[PDB]
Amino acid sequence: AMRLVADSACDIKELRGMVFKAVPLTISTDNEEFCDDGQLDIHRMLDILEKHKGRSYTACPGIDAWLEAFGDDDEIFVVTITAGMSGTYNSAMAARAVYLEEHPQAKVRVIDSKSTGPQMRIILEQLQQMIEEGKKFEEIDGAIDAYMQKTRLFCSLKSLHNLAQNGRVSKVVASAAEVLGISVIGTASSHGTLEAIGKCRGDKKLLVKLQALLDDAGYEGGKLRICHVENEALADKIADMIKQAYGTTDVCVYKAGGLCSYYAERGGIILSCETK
């Protein structure tokens, strides 16, 4: 009975039909720690941050939190946010090291998603599908990396202040979004970093740019996952556009978790898809 584990950048807390545990990251100011778990009031956190004048920070999970999440299962897949932008992958590898010294029959694969959010979700769902198909651990461990090559992520961000203050995007890139009504469109790069594609004024222009990006990426109507930070309206417009243009039936629109809400910011969208 295999176990799936992911950091909270995956935005989800359950995978119906699977054994799954999310491991919280933490967002902090000088005054308060926000743990990205079931207790988090994200709307309140965003309100605090929008009027907070000082620096804010994020932290990866402790080794103890990973160990708790592994439980005592002998076959575990762990999906992490990109090693290109976070120490999360390393923390998971450190926890795996301890776990294997404590569980002699265990197999644990840590997967650097090279991404975040909905792309981590798509990976988790594919792991689930292969497990349900009866594939063995070693088959899944090989195959998931091949599957990941046929997935992409795009985002549209209305503010990149939190990314920029934490050194995760260049100032020049972030400055575009400082203008009211301008968003920055990005993709997950081959190095697992945020690659800015361009700027965009308004929802309709974003829909057209995304359609062009999806076409070029080899999108042909496969699985599509869209998370949003208090922008269900835009996420629903994107989903409608994609259904109409590509005939997609496997679509889910859902809310971002704490970590993705912090870095994508209010208004932000992130989407991931399977490609040919």
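A residue's number is simply how far along the shown sequence it sits, counting from 1.
When the C-alpha B-factors of 42-50 and 203-211 are averaged, 42-50 comes out higher. Higher average CA B factor: 15-23, of the stretches 253-261 and 15-23. Between the residues 148, 95, 78, 169, the entry's highest C-alpha temperature factor is the one at 169.
Of the candidates 112, 195, 125, 101, it is 195 whose Cα B-factor is highest according to the PDB record. In the deposited entry, the Cα temperature factor of residue 107 sits in the middle third of values across the chain's modelled residues. Placement of the Cα temperature factor of residue 144 within the chain: lowest third of the modelled residues, per the deposited record. Looking at the C-alpha B-factors along this chain, the one for residue 2 belongs to the highest third. When the modelled residues of the chain are ordered by C-alpha B-factor, residue 234 sits in the lowest third.
Sort the modelled residues of the chain by CA B factor and residue 129 lands in the lowest third.
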